[PDB]
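Chemist: Okay, so here is coords_15.txt, and as you'll see once you scroll down, it has compact mmCIF, C-alpha atoms.
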# COMPACT_ATOMS: atom_id res chain seq x y z
CA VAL A 33 -89.87 149.17 107.70
CA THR A 34 -86.29 147.83 107.36
CA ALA A 35 -85.71 144.41 105.76
CA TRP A 36 -82.59 142.50 104.70
CA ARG A 37 -82.11 138.87 103.70
CA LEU A 38 -79.19 136.55 103.25
CA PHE A 39 -79.08 133.85 100.55
CA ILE A 40 -76.62 131.05 101.29
CA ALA A 41 -75.59 128.18 99.04
CA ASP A 42 -74.24 124.97 100.45
CA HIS A 43 -70.86 123.86 99.14
CA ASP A 44 -72.02 120.31 98.36
CA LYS A 45 -75.75 120.10 98.82
CA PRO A 46 -78.04 121.51 96.09
CA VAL A 47 -79.71 123.89 98.54
CA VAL A 48 -80.04 127.66 98.96
CA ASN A 49 -81.10 128.93 102.37
CA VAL A 50 -82.81 132.29 102.89
CA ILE A 51 -82.18 133.92 106.25
CA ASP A 52 -83.54 137.11 107.72
CA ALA A 53 -80.30 139.00 108.27
CA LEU A 54 -81.69 140.99 111.22
CA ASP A 55 -82.76 138.18 113.60
CA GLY A 56 -81.29 135.05 111.98
CA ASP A 57 -84.44 133.08 111.41
CA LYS A 58 -84.84 130.91 108.37
CA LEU A 59 -87.26 132.09 105.71
CA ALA A 60 -87.02 129.31 103.15
CA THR A 61 -84.73 126.62 101.94
CA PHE A 62 -84.88 126.04 98.20
CA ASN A 63 -83.92 122.81 96.50
CA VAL A 64 -82.15 123.19 93.18
CA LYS A 65 -80.37 120.79 90.86
CA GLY A 66 -76.76 121.29 91.95
CA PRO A 67 -74.52 123.32 94.25
CA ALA A 68 -74.90 126.99 93.42
CA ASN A 69 -72.84 130.10 93.08
CA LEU A 70 -75.01 133.10 93.91
CA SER A 71 -75.43 136.52 92.28
CA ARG A 72 -77.92 139.31 92.95
CA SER A 73 -79.35 141.91 90.66
CA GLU A 74 -78.54 145.56 91.31
CA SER A 75 -82.12 146.10 92.45
CA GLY A 76 -81.82 143.16 94.81
CA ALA A 77 -85.19 141.82 93.63
CA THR A 78 -83.80 138.64 92.06
CA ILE A 79 -81.13 136.19 93.14
CA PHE A 80 -79.52 133.86 90.58
CA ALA A 81 -78.18 130.44 91.60
CA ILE A 82 -75.64 129.27 89.03
CA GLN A 83 -75.17 125.47 89.03
CA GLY A 84 -72.12 124.77 86.89
CA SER A 85 -72.25 120.97 87.15
CA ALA A 86 -76.07 120.70 86.68
CA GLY A 87 -76.35 122.76 83.48
CA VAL A 88 -78.88 125.14 85.04
CA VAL A 89 -79.32 128.60 86.52
CA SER A 90 -82.23 128.96 88.92
CA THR A 91 -83.84 132.26 89.76
CA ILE A 92 -85.18 133.50 93.09
CA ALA A 93 -87.41 136.43 93.70
CA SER A 94 -85.75 137.83 96.80
CA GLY A 95 -89.00 139.32 98.11
CA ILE A 96 -87.59 142.81 98.73
CA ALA A 97 -88.02 145.53 96.14
CA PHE A 98 -88.39 149.30 96.10
CA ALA A 105 -88.21 155.40 98.78
CA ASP A 106 -91.00 152.83 99.33
CA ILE A 107 -90.61 149.09 100.04
CA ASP A 108 -92.67 146.04 99.00
CA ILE A 109 -91.91 142.86 100.93
CA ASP A 110 -93.02 139.31 100.09
CA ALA A 111 -91.78 135.89 100.92
CA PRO A 112 -88.80 134.71 98.86
CA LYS A 113 -89.79 132.28 96.13
CA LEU A 114 -88.09 130.00 93.60
CA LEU A 115 -89.26 131.05 90.22
CA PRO A 116 -90.19 128.48 87.55
CA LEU A 117 -87.94 130.32 85.08
CA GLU A 118 -84.65 128.45 84.61
CA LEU A 119 -81.81 129.00 82.19
CA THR A 120 -80.36 125.90 80.54
CA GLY A 121 -77.03 125.18 78.96
CA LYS A 122 -73.74 123.41 79.54
CA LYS A 123 -71.67 124.60 82.54
CA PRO A 124 -73.31 127.93 83.39
CA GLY A 125 -70.54 130.41 84.12
CA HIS A 126 -70.02 134.14 84.76
CA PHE A 127 -73.23 136.05 85.53
CA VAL A 128 -73.38 139.80 84.86
CA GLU A 129 -76.38 142.04 85.57
CA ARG A 130 -76.60 145.75 84.90
CA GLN A 131 -79.60 148.11 84.97
CA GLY A 132 -81.89 145.08 84.78
CA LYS A 133 -80.15 143.61 81.71
CA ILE A 134 -78.77 140.12 82.33
CA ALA A 135 -76.07 138.16 80.52
CA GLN A 136 -75.56 134.52 81.54
CA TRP A 137 -72.45 132.89 80.10
CA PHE A 138 -72.19 129.17 79.35
CA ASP A 139 -68.70 127.71 79.22
CA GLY A 140 -69.93 124.73 77.22
CA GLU A 141 -72.09 126.65 74.69
CA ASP A 142 -71.49 128.69 71.54
CA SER A 143 -73.87 131.31 72.96
CA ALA A 144 -74.50 133.54 75.94
CA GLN A 145 -78.08 134.21 77.05
CA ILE A 146 -79.28 137.79 77.50
CA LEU A 147 -82.54 138.56 79.27
CA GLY A 148 -84.17 141.28 81.39
CA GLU A 149 -84.94 141.38 85.13
CA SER A 150 -88.42 142.88 84.72
CA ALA A 151 -89.52 139.93 82.55
CA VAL A 152 -87.94 137.37 84.88
CA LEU A 153 -89.86 138.66 87.88
CA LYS A 154 -93.14 138.51 85.91
CA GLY A 155 -92.64 134.85 85.22
CA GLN A 156 -91.52 135.44 81.63
CA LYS A 157 -88.51 133.87 79.92
CA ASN A 158 -87.54 136.03 76.90
CA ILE A 159 -84.01 135.04 75.91
CA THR A 160 -81.68 136.38 73.26
CA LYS A 161 -78.87 133.97 72.44
CA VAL A 162 -75.78 135.89 71.29
CA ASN A 163 -73.09 133.85 69.53
CA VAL A 164 -69.66 133.99 71.14
CA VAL A 165 -67.86 132.21 68.29
CA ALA A 166 -66.63 129.23 70.35
CA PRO A 167 -67.33 127.69 73.79
CA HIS A 168 -64.91 128.96 76.38
CA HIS A 169 -64.64 130.27 79.95
CA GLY A 170 -65.51 133.86 79.25
CA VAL A 171 -67.81 136.73 80.16
CA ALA A 172 -70.62 138.72 78.60
CA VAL A 173 -71.54 142.22 79.76
CA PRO A 174 -75.03 143.42 78.65
CA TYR A 175 -75.48 146.91 77.21
CA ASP A 176 -78.31 148.76 75.44
CA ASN A 177 -78.68 147.03 72.05
CA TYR A 178 -75.15 145.58 72.36
CA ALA A 179 -73.01 143.28 74.47
CA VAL A 180 -69.31 142.93 75.25
CA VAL A 181 -68.13 139.35 74.98
CA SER A 182 -64.77 137.74 75.40
CA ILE A 183 -62.97 136.50 72.32
CA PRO A 184 -62.05 132.80 72.54
CA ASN A 185 -58.45 131.86 72.19
CA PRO A 186 -57.78 130.99 68.54
CA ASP A 187 -55.84 127.74 68.11
CA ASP A 188 -57.13 125.92 71.19
CA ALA A 189 -60.09 127.97 72.57
CA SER A 190 -59.99 125.97 75.79
CA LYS A 191 -57.34 128.47 76.95
CA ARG A 192 -58.27 131.83 78.50
CA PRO A 193 -59.73 134.41 76.07
CA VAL A 194 -57.49 136.92 74.35
CA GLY A 195 -59.66 140.03 74.48
CA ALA A 196 -63.19 141.34 74.21
CA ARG A 197 -65.33 142.90 71.55
CA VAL A 198 -68.61 144.68 71.09
CA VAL A 199 -71.33 142.73 69.29
CA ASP A 200 -74.91 143.69 68.50
CA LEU A 201 -77.48 141.29 69.86
CA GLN A 202 -77.25 139.24 66.68
CA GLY A 203 -73.64 138.44 67.58
CA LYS A 204 -72.28 140.71 64.87
CA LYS A 205 -68.96 142.42 65.63
CA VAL A 206 -69.21 146.22 65.78
CA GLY A 207 -65.86 147.91 66.22
CA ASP A 208 -62.38 146.40 66.40
CA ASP A 209 -61.32 143.70 68.87
CA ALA A 210 -59.92 144.81 72.22
CA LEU A 211 -56.92 142.60 72.81
CA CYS A 212 -56.33 141.76 76.48
CA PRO A 213 -54.32 138.56 76.75
CA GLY A 214 -55.34 136.14 79.46
CA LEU A 215 -58.71 137.81 80.08
CA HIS A 216 -60.15 136.65 83.39
CA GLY A 217 -62.02 138.71 85.95
CA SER A 218 -64.91 141.18 85.66
CA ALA A 219 -66.78 143.75 87.77
CA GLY A 220 -68.97 146.82 87.49
CA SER A 221 -68.63 150.01 89.46
CA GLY A 222 -71.13 152.72 88.60
CA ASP A 223 -71.22 153.39 84.83
CA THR A 224 -67.86 151.62 84.30
CA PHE A 225 -67.27 147.94 83.79
CA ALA A 226 -63.84 146.32 84.06
CA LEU A 227 -62.31 143.14 82.62
CA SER A 228 -58.85 142.16 83.86
CA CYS A 229 -56.08 140.49 81.88
CA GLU A 230 -52.29 140.05 81.90
CA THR A 231 -51.53 143.56 80.66
CA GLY A 232 -54.16 145.53 82.61
CA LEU A 233 -57.89 146.30 82.62
CA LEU A 234 -60.43 146.78 79.88
CA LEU A 235 -62.78 149.57 80.95
CA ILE A 236 -66.21 149.67 79.36
CA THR A 237 -68.74 152.49 79.33
CA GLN A 238 -71.88 153.13 77.26
CA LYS A 239 -73.50 156.50 76.48
CA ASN A 240 -76.01 156.73 73.63
CA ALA A 241 -74.21 154.75 70.98
CA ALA A 242 -72.19 151.56 71.00
CA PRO A 243 -70.31 150.76 74.21
CA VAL A 244 -66.72 152.01 74.37
CA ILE A 245 -63.78 149.85 75.52
CA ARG A 246 -60.46 151.36 76.57
CA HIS A 247 -57.36 149.71 78.03
CA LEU A 248 -55.74 150.72 81.37
CA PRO A 249 -52.33 149.02 81.73
CA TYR A 250 -51.08 148.12 85.13
CA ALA A 251 -48.97 151.02 86.41
CA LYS A 252 -45.27 150.56 85.63
CA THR A 253 -44.48 151.02 89.36
CA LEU A 254 -46.34 147.87 90.40
CA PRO A 255 -44.43 144.65 91.07
CA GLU A 256 -44.76 141.87 88.56
CA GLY A 257 -48.30 140.47 88.65
CA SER A 258 -51.79 140.70 87.19
CA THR A 259 -55.42 140.56 88.29
CA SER A 260 -57.73 137.61 87.73
CA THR A 261 -60.68 138.52 89.99
CA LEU A 262 -62.37 141.86 90.40
CA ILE A 263 -64.91 143.57 92.62
CA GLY A 264 -66.46 146.96 92.04
CA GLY A 265 -67.28 149.75 94.44
CA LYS A 266 -70.96 150.62 95.12
CA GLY A 267 -71.39 154.30 95.93
CA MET A 268 -67.82 155.24 95.03
CA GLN A 269 -66.33 154.25 91.70
CA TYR A 270 -63.30 151.85 91.92
CA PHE A 271 -62.20 148.24 91.43
CA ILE A 272 -60.35 145.86 93.73
CA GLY A 273 -58.42 143.01 92.18
CA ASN A 274 -56.11 140.32 93.35
CA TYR A 275 -52.50 140.83 92.28
CA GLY A 276 -50.85 137.60 93.32
CA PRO A 277 -52.28 135.48 96.11
CA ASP A 278 -51.40 137.79 99.03
CA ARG A 279 -51.84 141.23 97.51
CA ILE A 280 -54.66 143.34 96.16
CA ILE A 281 -54.73 146.41 93.93
CA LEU A 282 -57.16 149.31 94.21
CA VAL A 283 -57.93 150.95 90.87
CA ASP A 284 -59.54 154.38 90.37
CA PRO A 285 -60.66 154.31 86.70
CA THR A 286 -61.39 158.12 86.71
CA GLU A 287 -57.88 159.32 87.74
CA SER A 288 -54.58 159.03 85.93
CA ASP A 289 -52.90 157.87 89.19
CA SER A 290 -54.86 154.71 88.99
CA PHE A 291 -53.18 152.08 91.12
CA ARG A 292 -52.50 151.43 94.78
CA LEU A 293 -51.08 148.08 95.98
CA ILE A 294 -51.98 146.58 99.37
CA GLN A 295 -49.90 143.74 100.84
CA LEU A 296 -51.92 141.28 102.89
CA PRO A 297 -50.31 139.52 105.92
CA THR A 298 -51.50 136.13 104.59
CA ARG A 299 -53.26 134.86 101.49
CA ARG A 300 -56.63 136.18 100.31
CA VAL A 301 -59.70 134.00 100.64
CA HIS A 302 -62.45 136.41 99.57
CA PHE A 303 -63.27 140.08 99.24
CA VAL A 304 -66.37 142.29 98.91
CA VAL A 305 -67.07 146.00 98.99
CA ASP A 306 -69.31 147.69 101.54
CA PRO A 307 -72.37 149.02 99.66
CA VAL A 308 -73.53 151.19 102.56
CA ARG A 309 -70.27 152.78 103.75
CA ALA A 310 -68.71 153.33 100.35
CA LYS A 311 -65.29 154.29 101.66
CA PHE A 312 -64.73 150.66 102.86
CA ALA A 313 -64.16 147.18 101.41
CA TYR A 314 -63.41 143.87 103.19
CA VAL A 315 -60.84 141.11 102.60
CA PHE A 316 -60.96 137.73 104.32
CA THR A 317 -57.54 136.07 104.69
CA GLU A 318 -56.51 132.46 105.31
CA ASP A 319 -55.52 133.24 108.90
CA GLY A 320 -59.23 133.65 109.54
CA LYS A 321 -59.26 137.44 109.93
CA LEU A 322 -61.57 139.94 108.33
CA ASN A 323 -59.58 142.96 107.19
CA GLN A 324 -61.12 146.40 106.70
CA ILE A 325 -59.85 148.20 103.58
CA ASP A 326 -60.12 151.98 103.70
CA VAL A 327 -60.24 152.54 99.94
CA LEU A 328 -59.60 156.34 100.09
CA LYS A 329 -56.38 156.01 102.11
CA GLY A 330 -55.35 152.80 100.35
CA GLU A 331 -54.65 150.75 103.44
CA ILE A 332 -56.00 148.16 105.86
CA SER A 333 -57.44 150.18 108.69
CA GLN A 334 -58.16 147.25 111.01
CA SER A 335 -58.47 143.48 111.23
CA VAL A 336 -60.48 141.16 113.42
CA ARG A 337 -60.37 137.45 113.94
CA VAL A 338 -63.62 135.83 112.83
CA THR A 339 -62.87 132.13 112.32
CA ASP A 340 -60.11 129.65 112.82
CA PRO A 341 -57.52 129.70 110.08
CA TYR A 342 -58.41 128.17 106.78
CA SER A 343 -54.81 127.76 105.67
CA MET A 344 -55.87 128.06 102.02
CA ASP A 350 -62.22 122.96 99.85
CA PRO A 351 -64.89 125.39 101.20
CA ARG A 352 -63.79 128.58 102.95
CA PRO A 353 -65.57 131.65 104.32
CA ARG A 354 -67.39 134.14 102.15
CA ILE A 355 -68.37 137.69 103.20
CA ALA A 356 -71.56 139.65 102.69
CA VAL A 357 -72.72 143.00 103.99
CA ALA A 358 -76.29 143.85 105.02
CA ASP A 359 -77.44 147.09 106.69
CA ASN A 360 -74.83 147.82 109.45
CA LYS A 361 -73.61 144.21 109.79
CA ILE A 362 -71.04 141.97 108.12
CA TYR A 363 -71.74 138.26 107.64
CA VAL A 364 -68.99 135.67 107.34
CA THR A 365 -69.86 132.09 106.49
CA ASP A 366 -67.84 129.50 108.41
CA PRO A 367 -68.67 126.36 106.40
CA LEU A 368 -66.76 123.79 108.38
CA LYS A 369 -68.61 124.98 111.52
CA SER A 370 -72.10 125.11 109.94
CA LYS A 371 -72.68 128.76 110.90
CA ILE A 372 -72.53 132.44 109.94
CA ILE A 373 -70.56 134.91 112.04
CA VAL A 374 -72.12 138.38 112.35
CA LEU A 375 -70.05 141.53 113.09
CA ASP A 376 -71.03 145.13 113.68
CA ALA A 377 -69.64 147.02 110.68
CA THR A 378 -68.85 150.11 112.74
CA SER A 379 -67.13 148.64 115.80
CA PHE A 380 -65.79 145.74 113.72
CA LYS A 381 -66.61 143.24 116.48
CA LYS A 382 -68.48 139.98 116.47
CA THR A 383 -72.01 140.40 117.75
CA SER A 384 -73.78 137.18 116.84
CA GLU A 385 -73.73 133.84 115.08
CA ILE A 386 -76.42 132.19 112.93
CA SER A 387 -76.64 128.44 112.49
CA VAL A 388 -76.90 127.01 108.98
CA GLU A 389 -76.96 123.27 108.55
CA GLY A 390 -74.30 121.78 106.34
CA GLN A 391 -71.44 123.74 104.75
CA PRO A 392 -72.65 127.33 104.26
CA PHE A 393 -70.46 128.73 101.52
CA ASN A 394 -71.49 131.39 98.98
CA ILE A 395 -73.57 134.24 100.37
CA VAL A 396 -75.37 137.34 99.05
CA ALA A 397 -77.43 139.94 100.90
CA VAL A 398 -80.19 142.26 99.70
CA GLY A 399 -82.42 144.82 101.24
CA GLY A 400 -82.86 148.29 102.62
CA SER A 401 -85.67 150.38 104.07
CA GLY A 402 -88.78 152.19 102.89
CA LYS A 403 -92.21 153.21 104.04
CA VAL A 404 -95.32 151.05 103.73
Is it possible to give me this structure as structure tokens?
Modeler:
Amino acid sequence: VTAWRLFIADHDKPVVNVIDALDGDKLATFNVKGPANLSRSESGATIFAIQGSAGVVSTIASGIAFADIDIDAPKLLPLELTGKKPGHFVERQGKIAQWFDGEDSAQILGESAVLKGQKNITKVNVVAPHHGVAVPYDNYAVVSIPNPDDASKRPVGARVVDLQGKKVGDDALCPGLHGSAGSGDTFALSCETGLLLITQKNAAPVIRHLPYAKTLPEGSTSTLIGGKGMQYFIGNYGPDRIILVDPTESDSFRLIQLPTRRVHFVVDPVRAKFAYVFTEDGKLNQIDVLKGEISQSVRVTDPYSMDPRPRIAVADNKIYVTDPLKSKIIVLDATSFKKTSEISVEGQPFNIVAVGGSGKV
């Protein structure tokens, strides 16, 4: 049995739609408190709907878990996280860290408990409310350090804390810290001088700094995605360029110039040599990460000359591009890179995540 599902948040309405990615039919629509940004767990078993303006994070059991596969209907869980302006969500190996821009704490919990209907939260102090990020580790977390002076500015680095908020090592200064992603056993935080790279073995997590290569043009990264199946990061580097970073090689950086400005990007979790960038001209661009170049482009929507704009997700052998102003999802074959289908979604379909796979029953 093969099963994949899309989870789509409306830009304005407090709704999340669940769509069977394979035939387009609707599986559920969930009503939440506010418009949501969506994240999935690594296992794909839970979906989190972050509602910045409503002070809540809702949780969805996706209904697909695992090889052997167990398939149920998707369901809104009664577990909700509460706090002012929920922010960056980071999940790793079933450990969850939910940041709150308006709180003195981040909330750490575990996927296994969430799915069982349990809410077992550890609040870790982050010194001062700010727009930051928490990465969960075994018996530790990495949390951004709020800007001294103001604190409403971007954070100035990160540090290891134990789960009582106590600092462990020394601070890792990274001015203008913004942007985070995991790829394999390595987690990256971007800032004005480069990337913080985080790994954990059997002790405290270890942070090291990778400066932007001296050969790059002036610029820095403020958003990151992480490869799945091959270890790398993709960041923005100015509005019309991206950088590919290999954190395991000394020749770390490759710059790609886009023809027009970036709207969104995602990696391909199935064909790990590829990633995808959507640009304001309305094209989907295939990034061959090994060669460091755009290998092809295809027009998918009308231009969105830089509020809602398309978002990409990948499921099985298909790519899904939300077209909010046209109340639909465009579906392309990943291999041929051609449109094959469209799926209607009422309203302004915006953020999108996909889960699934295959297993015996």
Chemist: One decimal, Å: what's the distance from CA of residue 51 (chain A) over to CA of residue 38 (chain A), could you say?
Modeler: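 Spanning CA of residue 51 (chain A) to CA of residue 38 (chain A) is a straight-line distance of 5.0 Å.
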Chemist: Go ahead and find all residues with at least one atom no further than 8 Å from (-65.3, 138.3, 99.7) in the file's coordinates, using all atoms listed in the file; report them as a PyMOL selection string.
Modeler: chain A and resi 301-305+314-316+354-356
Chemist: Considering all atoms listed in the file, can you say which of A:49, A:298, A:317, A:156 comes closest to residue 393 (chain A)?
Modeler: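 Of the candidates, the smallest distance to residue 393 (chain A) is held by A:49.
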Chemist: Of the residues A:268, A:202, A:292, A:398, which is the one nearest to residue 52 (chain A), using all atoms listed in the file?
Modeler: A:398
Chemist: Would you list the contacts of residue 176 (chain A) as a PyMOL selection string, taking every protein, DNA or RNA residue within 10 Å and counting all atoms listed in the file, but skipping same-chain residues closer than 6 positions in sequence?
Modeler: chain A and resi 131+133+200-201+238-243
Chemist: Go ahead and write the residues just picked, C-alpha atoms, as an mmCIF file, in the coordinates of the input.
Modeler:
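The resulting part16.cif:
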data_model
loop_
_atom_site.group_PDB
_atom_site.id
_atom_site.type_symbol
_atom_site.label_atom_id
_atom_site.label_comp_id
_atom_site.auth_asym_id
_atom_site.auth_seq_id
_atom_site.Cartn_x
_atom_site.Cartn_y
_atom_site.Cartn_z
ATOM 1 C CA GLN A 131 -79.600 148.110 84.970
ATOM 2 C CA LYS A 133 -80.150 143.610 81.710
ATOM 3 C CA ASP A 200 -74.910 143.690 68.500
ATOM 4 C CA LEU A 201 -77.480 141.290 69.860
ATOM 5 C CA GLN A 238 -71.880 153.130 77.260
ATOM 6 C CA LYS A 239 -73.500 156.500 76.480
ATOM 7 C CA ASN A 240 -76.010 156.730 73.630
ATOM 8 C CA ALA A 241 -74.210 154.750 70.980
ATOM 9 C CA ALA A 242 -72.190 151.560 71.000
ATOM 10 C CA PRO A 243 -70.310 150.760 74.210
#
Chemist: Using all atoms listed in the file, which of the listed residues (A:195, A:253, A:43, A:95) sits closest to residue 370 (chain A)?
Modeler: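 Of the candidates, the smallest distance to residue 370 (chain A) is held by A:43.
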Chemist: Of the candidates A:34, A:137, A:335, A:388, which shows the shortest atom-to-atom distance to residue 105 (chain A), using all atoms listed in the file?
Modeler: A:34
Chemist: Would you please work out which residue, of A:343, A:311, A:88, A:36, is nearest to residue 53 (chain A) when using all atoms listed in the file?
Modeler: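 Nearest to residue 53 (chain A): A:36.
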Chemist: Using only C-alpha atoms, which of A:206, A:245, A:313, A:128 sits nearest residue 273 (chain A)?
Modeler: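 Checking each of A:206, A:245, A:313, A:128 against residue 273 (chain A), counting only C-alpha atoms, the winner is A:313.
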Chemist: Could you check how far CA of residue 182 (chain A) sits from CA of residue 194 (chain A), in Å to one decimal?
Modeler: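 Interatomic distance, CA of residue 182 (chain A) to CA of residue 194 (chain A): 7.4 Å.
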Chemist: Rounded to one decimal, what separation in Å do you get between CA of residue 47 (chain A) and CA of residue 66 (chain A)?
Modeler: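 Computing it gives 7.7 Å between the two atoms.
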Chemist: For residue 204 (chain A), find every residue with an atom within 12 Å (counting all atoms listed in the file), except residues of its own chain fewer than 3 positions away, and show them as a list in words.
Modeler: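 Listing them by chain and then by number gives residues 162, 163, 164, 165, 177, 178, 179, 180, 181, 197, 198, 199, 200, 201, 207 and 208 of chain A.
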Chemist: Please produce an output containing C-alpha atoms for each residue in the selection, written as a short mmCIF file (atom, residue, chain, number, x, y, z; two decimals), keeping the file's coordinate frame.
Modeler:
data_model
loop_
_atom_site.label_atom_id
_atom_site.label_comp_id
_atom_site.auth_asym_id
_atom_site.auth_seq_id
_atom_site.Cartn_x
_atom_site.Cartn_y
_atom_site.Cartn_z
CA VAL A 162 -75.78 135.89 71.29
CA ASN A 163 -73.09 133.85 69.53
CA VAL A 164 -69.66 133.99 71.14
CA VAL A 165 -67.86 132.21 68.29
CA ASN A 177 -78.68 147.03 72.05
CA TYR A 178 -75.15 145.58 72.36
CA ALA A 179 -73.01 143.28 74.47
CA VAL A 180 -69.31 142.93 75.25
CA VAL A 181 -68.13 139.35 74.98
CA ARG A 197 -65.33 142.90 71.55
CA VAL A 198 -68.61 144.68 71.09
CA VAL A 199 -71.33 142.73 69.29
CA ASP A 200 -74.91 143.69 68.50
CA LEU A 201 -77.48 141.29 69.86
CA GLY A 207 -65.86 147.91 66.22
CA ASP A 208 -62.38 146.40 66.40
#
Chemist: Which polymer residues, protein or nucleic acid, are no farther than 10 Å from (-78.6, 126.4, 86.0), counting all atoms listed in the file, as a list in words?
Modeler: residues 64, 65, 66, 67, 68, 69, 80, 81, 82, 83, 84, 85, 86, 87, 88, 89, 90, 91, 118, 119, 120, 121, 122, 123, 124, 125, 136 and 138 of chain A
Chemist: Could you write out the selected residues, including C-alpha atoms, as a PDB file, in the frame of the given file?
Modeler:
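Output saved as selection-v8.pdb:
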ATOM      1  CA  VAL A  64     -82.150 123.190  93.180  1.00  0.00           C
ATOM      2  CA  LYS A  65     -80.370 120.790  90.860  1.00  0.00           C
ATOM      3  CA  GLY A  66     -76.760 121.290  91.950  1.00  0.00           C
ATOM      4  CA  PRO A  67     -74.520 123.320  94.250  1.00  0.00           C
ATOM      5  CA  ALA A  68     -74.900 126.990  93.420  1.00  0.00           C
ATOM      6  CA  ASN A  69     -72.840 130.100  93.080  1.00  0.00           C
ATOM      7  CA  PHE A  80     -79.520 133.860  90.580  1.00  0.00           C
ATOM      8  CA  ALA A  81     -78.180 130.440  91.600  1.00  0.00           C
ATOM      9  CA  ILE A  82     -75.640 129.270  89.030  1.00  0.00           C
ATOM     10  CA  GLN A  83     -75.170 125.470  89.030  1.00  0.00           C
ATOM     11  CA  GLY A  84     -72.120 124.770  86.890  1.00  0.00           C
ATOM     12  CA  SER A  85     -72.250 120.970  87.150  1.00  0.00           C
ATOM     13  CA  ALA A  86     -76.070 120.700  86.680  1.00  0.00           C
ATOM     14  CA  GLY A  87     -76.350 122.760  83.480  1.00  0.00           C
ATOM     15  CA  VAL A  88     -78.880 125.140  85.040  1.00  0.00           C
ATOM     16  CA  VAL A  89     -79.320 128.600  86.520  1.00  0.00           C
ATOM     17  CA  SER A  90     -82.230 128.960  88.920  1.00  0.00           C
ATOM     18  CA  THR A  91     -83.840 132.260  89.760  1.00  0.00           C
ATOM     19  CA  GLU A 118     -84.650 128.450  84.610  1.00  0.00           C
ATOM     20  CA  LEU A 119     -81.810 129.000  82.190  1.00  0.00           C
ATOM     21  CA  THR A 120     -80.360 125.900  80.540  1.00  0.00           C
ATOM     22  CA  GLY A 121     -77.030 125.180  78.960  1.00  0.00           C
ATOM     23  CA  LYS A 122     -73.740 123.410  79.540  1.00  0.00           C
ATOM     24  CA  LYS A 123     -71.670 124.600  82.540  1.00  0.00           C
ATOM     25  CA  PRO A 124     -73.310 127.930  83.390  1.00  0.00           C
ATOM     26  CA  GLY A 125     -70.540 130.410  84.120  1.00  0.00           C
ATOM     27  CA  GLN A 136     -75.560 134.520  81.540  1.00  0.00           C
ATOM     28  CA  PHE A 138     -72.190 129.170  79.350  1.00  0.00           C
TER      29      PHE A 138
END
Chemist: Write out as a count of residues only which residues come within 9 Å of residue 72 (chain A) when counting only C-alpha atoms, dropping same-chain ones fewer than 3 positions away.
Modeler: 12
Chemist: List the neighbours of residue 246 (chain A) out to 9 Å using only C-alpha atoms; skip same-chain residues closer than 5 positions along the sequence, and give me the result as a compact mmCIF listing (two decimals) with C-alpha atoms, keeping the file's coordinate frame.
Modeler:
# COMPACT_ATOMS: atom_id res chain seq x y z
CA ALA A 210 -59.92 144.81 72.22
CA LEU A 233 -57.89 146.30 82.62
CA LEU A 234 -60.43 146.78 79.88
CA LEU A 235 -62.78 149.57 80.95
CA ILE A 236 -66.21 149.67 79.36
CA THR A 237 -68.74 152.49 79.33
Chemist: Starting from the sparse input, extend region 158-168 of chain A to N, CA and C atoms and give the output as a PDB file, keeping the file's coordinate frame.
Modeler:
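out21.pdb, freshly written:
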ATOM      1  N   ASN A 158     -87.764 135.465  78.232  1.00  0.00           N
ATOM      2  CA  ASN A 158     -87.540 136.030  76.900  1.00  0.00           C
ATOM      3  C   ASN A 158     -86.035 136.188  76.692  1.00  0.00           C
ATOM      4  N   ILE A 159     -85.447 135.225  76.008  1.00  0.00           N
ATOM      5  CA  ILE A 159     -84.010 135.040  75.910  1.00  0.00           C
ATOM      6  C   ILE A 159     -83.537 135.461  74.541  1.00  0.00           C
ATOM      7  N   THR A 160     -82.416 136.163  74.494  1.00  0.00           N
ATOM      8  CA  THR A 160     -81.680 136.380  73.260  1.00  0.00           C
ATOM      9  C   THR A 160     -80.358 135.647  73.336  1.00  0.00           C
ATOM     10  N   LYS A 161     -80.150 134.668  72.469  1.00  0.00           N
ATOM     11  CA  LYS A 161     -78.870 133.970  72.440  1.00  0.00           C
ATOM     12  C   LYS A 161     -77.943 134.738  71.503  1.00  0.00           C
ATOM     13  N   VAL A 162     -76.803 135.169  72.036  1.00  0.00           N
ATOM     14  CA  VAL A 162     -75.780 135.890  71.290  1.00  0.00           C
ATOM     15  C   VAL A 162     -74.601 134.939  71.090  1.00  0.00           C
ATOM     16  N   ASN A 163     -74.205 134.740  69.838  1.00  0.00           N
ATOM     17  CA  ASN A 163     -73.090 133.850  69.530  1.00  0.00           C
ATOM     18  C   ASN A 163     -71.776 134.428  70.007  1.00  0.00           C
ATOM     19  N   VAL A 164     -70.958 133.585  70.635  1.00  0.00           N
ATOM     20  CA  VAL A 164     -69.660 133.990  71.140  1.00  0.00           C
ATOM     21  C   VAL A 164     -68.545 133.228  70.428  1.00  0.00           C
ATOM     22  N   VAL A 165     -68.843 132.753  69.215  1.00  0.00           N
ATOM     23  CA  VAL A 165     -67.860 132.210  68.290  1.00  0.00           C
ATOM     24  C   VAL A 165     -67.511 130.777  68.683  1.00  0.00           C
ATOM     25  N   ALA A 166     -66.983 130.571  69.897  1.00  0.00           N
ATOM     26  CA  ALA A 166     -66.630 129.230  70.350  1.00  0.00           C
ATOM     27  C   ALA A 166     -66.837 129.090  71.863  1.00  0.00           C
ATOM     28  N   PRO A 167     -67.206 127.898  72.341  1.00  0.00           N
ATOM     29  CA  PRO A 167     -67.330 127.690  73.790  1.00  0.00           C
ATOM     30  C   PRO A 167     -66.014 127.974  74.491  1.00  0.00           C
ATOM     31  N   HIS A 168     -66.097 128.707  75.591  1.00  0.00           N
ATOM     32  CA  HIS A 168     -64.910 128.960  76.380  1.00  0.00           C
ATOM     33  C   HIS A 168     -65.346 129.540  77.724  1.00  0.00           C
TER      34      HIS A 168
END
